[PDB]
Amino acid sequence: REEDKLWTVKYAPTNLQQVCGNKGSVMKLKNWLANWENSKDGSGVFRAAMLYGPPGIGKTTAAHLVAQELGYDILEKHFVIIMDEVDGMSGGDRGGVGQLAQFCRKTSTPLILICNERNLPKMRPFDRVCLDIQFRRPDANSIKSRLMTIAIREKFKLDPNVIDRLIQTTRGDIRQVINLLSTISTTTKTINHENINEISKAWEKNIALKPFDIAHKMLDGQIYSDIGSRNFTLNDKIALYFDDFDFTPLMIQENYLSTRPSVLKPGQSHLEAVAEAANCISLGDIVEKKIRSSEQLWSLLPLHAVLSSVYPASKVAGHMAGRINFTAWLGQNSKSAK
Amino acid sequence: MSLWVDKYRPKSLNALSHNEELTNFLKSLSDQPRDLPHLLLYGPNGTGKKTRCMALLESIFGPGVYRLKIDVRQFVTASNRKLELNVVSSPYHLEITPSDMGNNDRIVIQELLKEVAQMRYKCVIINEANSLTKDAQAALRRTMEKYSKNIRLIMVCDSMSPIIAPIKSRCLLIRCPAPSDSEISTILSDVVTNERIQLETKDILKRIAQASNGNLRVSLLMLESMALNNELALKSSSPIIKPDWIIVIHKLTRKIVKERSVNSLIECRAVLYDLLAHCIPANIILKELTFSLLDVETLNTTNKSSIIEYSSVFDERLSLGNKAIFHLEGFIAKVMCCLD
Amino acid sequence: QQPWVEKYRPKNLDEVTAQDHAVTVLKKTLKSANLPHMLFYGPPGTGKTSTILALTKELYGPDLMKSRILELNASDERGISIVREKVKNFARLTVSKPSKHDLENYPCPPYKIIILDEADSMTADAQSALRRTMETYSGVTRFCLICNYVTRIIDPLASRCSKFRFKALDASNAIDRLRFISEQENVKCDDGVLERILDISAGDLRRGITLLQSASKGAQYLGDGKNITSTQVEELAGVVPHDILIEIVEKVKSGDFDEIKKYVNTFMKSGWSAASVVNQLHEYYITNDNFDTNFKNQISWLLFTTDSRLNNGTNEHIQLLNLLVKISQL
Amino acid sequence: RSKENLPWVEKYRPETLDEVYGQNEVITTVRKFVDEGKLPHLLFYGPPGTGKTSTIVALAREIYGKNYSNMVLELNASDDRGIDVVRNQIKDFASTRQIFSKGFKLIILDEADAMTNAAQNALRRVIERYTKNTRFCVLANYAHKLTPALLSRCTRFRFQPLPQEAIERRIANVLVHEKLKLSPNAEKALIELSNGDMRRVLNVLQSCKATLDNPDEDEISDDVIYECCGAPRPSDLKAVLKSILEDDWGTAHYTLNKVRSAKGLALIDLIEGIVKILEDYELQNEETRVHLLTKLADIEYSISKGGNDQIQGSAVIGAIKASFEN
Amino acid sequence: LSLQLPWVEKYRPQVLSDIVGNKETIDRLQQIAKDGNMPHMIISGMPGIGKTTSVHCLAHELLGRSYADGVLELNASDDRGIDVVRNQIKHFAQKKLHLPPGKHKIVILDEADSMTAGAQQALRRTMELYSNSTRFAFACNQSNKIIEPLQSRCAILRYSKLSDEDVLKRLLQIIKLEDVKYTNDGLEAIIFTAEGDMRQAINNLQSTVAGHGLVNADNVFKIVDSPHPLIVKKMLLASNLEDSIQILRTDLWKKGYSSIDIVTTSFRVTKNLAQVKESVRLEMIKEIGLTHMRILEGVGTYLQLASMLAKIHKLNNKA
DNA sequence: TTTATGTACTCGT
DNA sequence: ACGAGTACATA
Ligand SMILES: Nc1ncnc2c1ncn2[C@@H]1O[C@H](COP(=O)(O)OP(=O)(O)OP(O)(O)=S)[C@@H](O)[C@H]1O
Ligand SMILES: Nc1ncnc2c1ncn2[C@@H]1O[C@H](COP(=O)(O)OP(=O)(O)OP(O)(O)=S)[C@@H](O)[C@H]1O
Ligand SMILES: Nc1ncnc2c1ncn2[C@@H]1O[C@H](COP(=O)(O)OP(=O)(O)OP(O)(O)=S)[C@@H](O)[C@H]1O
Ligand SMILES: Nc1ncnc2c1ncn2[C@@H]1O[C@H](COP(=O)(O)OP(=O)(O)OP(O)(O)=S)[C@@H](O)[C@H]1O
Ligand SMILES: Nc1ncnc2c1ncn2[C@@H]1O[C@H](COP(=O)(O)OP(=O)(O)O)[C@@H](O)[C@H]1O
Ligand SMILES: [Mg+2]
Ligand SMILES: [Mg+2]
Ligand SMILES: [Mg+2]
Ligand SMILES: [Mg+2]
């Protein structure tokens, strides 16, 4: 099959030593496979470890390579099943998560699980029974060297320094890097620093933020300043709200007054700035009730961002004195439910 | 039971030693039961509007009204949500409380009305009717209008302002005023003569009467508390005690007036969280908090006017909303800004 | 023996001696059959339901209206799916054959009328259903929309139907009906009792009927054989006496924030509704010529803020206390 | 029965395209569409009751033969526009083509701004898939309730609100057909309260015809229009405005009460009348305009909530007096 | 009657050269059609920019010999589900048709943004299983709702809004194909009323040709008037209050526009506004939302818009 | 937790 | 194929 297989297929790591990034995770996986038949750190018997982290970084590839080097039978005398996409349930199986939990507990083979970044609330069956081998954003040295090798074999050149920008734009997605390089090299083989800006602005990989992460980004004094207004426009703030609109208005209220107002108007104090923003949440209280009343006016959802998430965080903003404050109104209903 | 609130409840209109005008009004309405229209009792809490309704059903129906049971019925609403609400059952009359959730409360009342309206009249009593979110009232304004011979509606509520205009239009406005200090002092004297209380001076009776501020149930409960704590001895030096809600509101008011900072804001927000965890409506919290704030002699006329203006604004804001934390937090921020 | 709220219901078009502009049209379309879709909107208690009931009774007699008229209210489900599964089925089928007795005693049109009572508290999806429900089969059925708030009904549905406004039952329009009811029920009254009753009610003849019934019940219970006086109907209506209003006004005019606070606490423990207090304060201040123009304007705005805050829930005590304090500082 | 047993709105439905007036700019465009044989997907927009469905029905009758009843499928909100219903009905209807004697097929979507976004995503692909021999006509009143792709694929047509010419032509036609007489003040009032809708004009004129004891040999004047429509007289509005502006509080309050009690006038209608006659008078300053607009909005909001009428009447008086106190 | 084909299909391209827009994407598509090893791609953007017609042209250049059986045109008009889609994809993938060595089958999912999550989870599995045998393609509207791992496994090719030059040259191509007299003023009116969309430009052009034949701004505005975002832009930035009131009346109230549409457009314009301060923008947004609530509750009145701009000017002049 | 309408799903009869 | 229980999205 000449010029038929994709670049991610024809340049997959043949050997486990050919992988790039997460070297400690690879070592831990090799130790877990080696110590499987002996059942120090306790990971030998505390089995059924998964490979979770950024998508498209080689977790399935690393599992396949460590399986084939150890002689295990690849499946998706030693045999292994490399079951991918644990989040493929998407909140489904309606108790089949318990079936998978018992399957993790008792199996004659080293069950390896691979999933993307975990947002699903189905962590309960695998809370403390399986080893959490954490994969993170990879570095820019081994991946860089792999990119040089691929470019040398594919007869094109790229600047070593811009590879940092390509990795940051895709946020550590090696498969996406390979796909982007193939796409650009189909037309423009040469990669220089002149087209990095347009490449990044065409291949931005926007992703969501855990309800705790959005609060830190929203409660920043830089974005509401003159300099940060263009970097983070008003459209982006409301678009950021829609990522976690179920939990965004509750998270902002619990911590907006817990940070110093770096954007104080001359003549404005801390107490008065909070008061000018404390009432605005009550204006958004009217909108939230009216949106989800019997009338069901869902066209007013973008308004609720400004009245309950933006303006309360716009009057007061700055570096928070502590960690992100989780909303307490949800916790109070649990007490009131009893 | 052992509670003092059930043993001293009046048994008939002969025991209504509260208002001669109201008793005569009830007797006049009981003179012609056939021409009885829909009734609406209003007044401050503790006046006994439920007692007046119950005595009116005694005067109209006769016997069998005091004997009633409790029933539980299943209800169906949108999606697959299922709600349960208890209804008290009597052989002759029926009454249902709106204590269930206020959004889908209309359909439960509708299904009860068209289940008991399939075929002299059966009076229905809706206590604390101000909690209806303009939908159950919209059902009632048609159900009572089209069915004006089989079921008569009795409206028990206070502060008719949330109640829509047509409901009051098709209802009779009857007053239940709070009695003065004299009547409540006499009823407390009657209670302590029914029991065996070693009352030293009559001034403590006046003080415990004035502590209620036109509310019979809290006065009777605190009298029972005094009898239990002081061993049925109402001495002149009896230590006055108040419910912990008023105590913590007074503490929060003292915290606000003594300092205006951010840590105090965090503490009073935590107190607000505790109070809303104590399962209490927020309107009375705002009302009694504003009462506590205005009781400080340090406050001046401009600050008090600003306080009451912000109180009214956040009162309408809380009325047009559900998240009670936001309005209370904003009002506390405004009053701390005004004080500072 | 039935309550006067429904026993004296108007059973005839001519019996409705108010809103004659919307009555003569119906009376003249009894003979004809070109009855358009009508929209009955106005203040509550003006007899829109009574008018449509009289029209239904006079049009189809006693049986063709059972066999033809379909009624749907807020008591029944009024969702879009319910409308699609019920109103479409009712409109698609043709009219029933009238009985031989109904072709000589009643000029029954060969169509039917479907009433939609209390359409204000009804969603826009049903509105989307009805905009074409009333146009697809207009030749076989007619539709009625009755609501005290025409604003809730959108421009399309309001334009499709005939906006028959119902005149407010003021003090110079509903005197004859209540008077005739008074001599029909044989109740004694003074010269100005009827005018005071009509002035107290905000265009609500049903409310006036209830007050008259209560006054008659009291008079027959006491049995002293005395005519109804103005103070009696003030006490029935919950109207605060003028002396208490005067002392409240003079306490407000004297400042004394603490005195105002304790007297307001006493006044709300007296159990009087804040709407009546606002009405009485307005009718006392506006008629009085002592205050200058700017004070009149600002106290009128404070009363407006008070009642437009009251009607959205809130607590009457807080609103009245704020109103009295803020007019005391003017 | 047929005629003489229908409301004037439906009795005089335009069967042909020549009976639609006031939309001549779009009428000639659609006439050239049918004449030149170039009809893309339609999208009619305009005020409620402004000749959309009547125009499309007349166009369908002009294009097709007698078989339009059993071959053309029209789906409304009452007929439901669910995604499954669309997929198993409209797609099957558009895919099937009769072999002989066919140029194209027509599907009309009425009040299309009432279905879900997934439904619009289905309809746009049905539009762009079978457009070789099927055309889609979309009727809507809210362009912001529909996906931008649906607006882009269909040819947008905006119906300008019906002017006095079309209304007076319809009035002349209905008085000729029904043997009725009208007065210049009555038709001027009809123009004033028309609000750009023919349905309201027809309903009001029907009420006027039914108002007279003897419809034959009788004339309808402006007072009849005002009493049937429940609208306040312009003389009454001018008198109320002058009394509030010039006279003191007590006399103005008494005059307003007398005006309301003379013919049962409504506070709200007086409010729109007075606020639409304020802008005819030139104002010197600028913040008085802001105060007037916000105060009129507040009092209309309160009336929409309800309340005791005299309170908002005195509120209107105070609003006007405080706004013009400068 | 005998209707000619609409101008949409009378100008639907069959070659990559006829497609207008950005140059990089179209030359990449042409080069990858020449090579034949077309990678999996996801296409998203505002409607009418060449999201599915470019895919169809690329499929033609790849396999114009076996179009009827080697390109599964899975349309959004057809039935869509987690199982009914994957069954058809599996049936189209398991077949052993002898394709040319430099050619692969193309699976087209037009407007696939509205699929459920599990459908995408099955799609990624099928895509990674049969990548060597068949290739996928997407022409969705917005890629934000598309889950990230599918974007990672594919090559993201995002177009931009069409400029004036490409739409203008396409309109000249239409004019020379139809031999219709035109004017530069009519051309600029057409491209301004096109709001970036070129399909809307074609629709306005055919409407103008049928109605009058001469391309002039007056008739163009008569059928398709000025876009509402820019007129609301002018209405909201006017310094004088009564001028703003007259502008709004003449442009939206006498034009038949619904009031709630006006409020929604004003909210969107204030969201996209950049000429004023950010806090002033938030205050304008919140008062516009208050007016939106006052209209959605049922009070649809011109006076609501008047009060809205009264508050706008009150903010403008700092009270 | 929220709230009806719609959409989607799948196991079962 | 159709009815009912199920969870999720509503820019
Ligand atoms: N370190 C690496 N060096 C070179 N190529 C890599 C590397 N990691 C991944 N790849 C390529 O990217 C592809 C990604 O395959 P997978 O391992 O299945 O991705 P993943 O990390 O499991 O995430 P999912 O499950 O696909 S969302 C591999 O098949 C390789 O072609
Ligand atoms: N014009 C009238 N003449 C005589 N009685 C009237 C008139 N209008 C109302 N009533 C009386 O008002 C009472 C109830 O009338 P309704 O028809 O229910 O008024 P309404 O308009 O339906 O009020 P709603 O339903 O709250 S909007 C009956 O006792 C009628 O006799
Ligand atoms: N240009 C016009 N000339 C004459 N009569 C008209 C005109 N436009 C509308 N009408 C009348 O309006 C009546 C009802 O309007 P329809 O055409 O049925 O509905 P519509 O105008 O399309 O608006 P919708 O969609 O129903 S809210 C018709 O019976 C006509 O008599
Ligand atoms: N870039 C383009 N070049 C040439 N014609 C185009 C272009 N984009 C759209 N068209 C024309 O628009 C019509 C089909 O447009 P589409 O391709 O369906 O629009 P789209 O950009 O793909 O957005 P979607 O996916 O349909 S919502 C045909 O008449 C095409 O000729
Ligand atoms: N006229 C009366 N005589 C004696 N006790 C009374 C009288 N009116 C009220 N009460 C007391 O009030 C109590 C009931 O009050 P309740 O009806 O709960 O007030 P509310 O209806 O305002 O909640 C009873 O325990 C009863 O003892
Ligand atoms: Mg995997
Ligand atoms: Mg009624
Ligand atoms: Mg229509
Ligand atoms: Mg497309």
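The chain as shown is numbered from 1 upward.
Looking at the header, which is where the method is noted, we find electron microscopy, 3.3 Å.
Backbone N, Cα and C define each Cβ position, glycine as well.
ATP binds A:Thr8, A:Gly53, A:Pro54, A:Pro55, A:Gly56, A:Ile57, A:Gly58, A:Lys59, A:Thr60, A:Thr61, A:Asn116 as Swiss-Prot records it, and from the list A:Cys20, A:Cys130 the residue named for this site is A:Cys20. Residues A:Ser39 and A:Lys40 bracket an unmodelled region of 9 residues, and their Cα atoms lie at a distance of 11 Å. Closeness to chain E is evaluated for the binding-site residues A:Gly53, A:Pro55, A:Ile57, A:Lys59, A:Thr61 by Cβ distance, with values under 8 Å counted; counted residues in sequence order are A:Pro55. A:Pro55 (ATP binding site) counts 26 other C-beta atoms within 10 Å of its own C-beta, drawing on all protein chains shown. Secondary structure from DSSP puts A:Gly53 (ATP binding site) in coil. Taking a C-beta cut-off of under 8 angstroms and a sequence separation of 6 or more, A:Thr8 (ATP binding site) has the following same-chain neighbours: A:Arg175, A:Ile178, A:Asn179. It is A:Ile57 that, of the binding-site residues A:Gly53, A:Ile57, has its Cβ surrounded by the most other Cβ atoms within 10 Å.
Between A:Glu76 and A:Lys77, the deposited coordinates omit 40 residues, leaving a Cα-to-Cα distance of 17 Å across the break. The number of other CB atoms found within 10 A of the CB of A:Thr61 (ATP binding site), across every protein chain shown, is 21.
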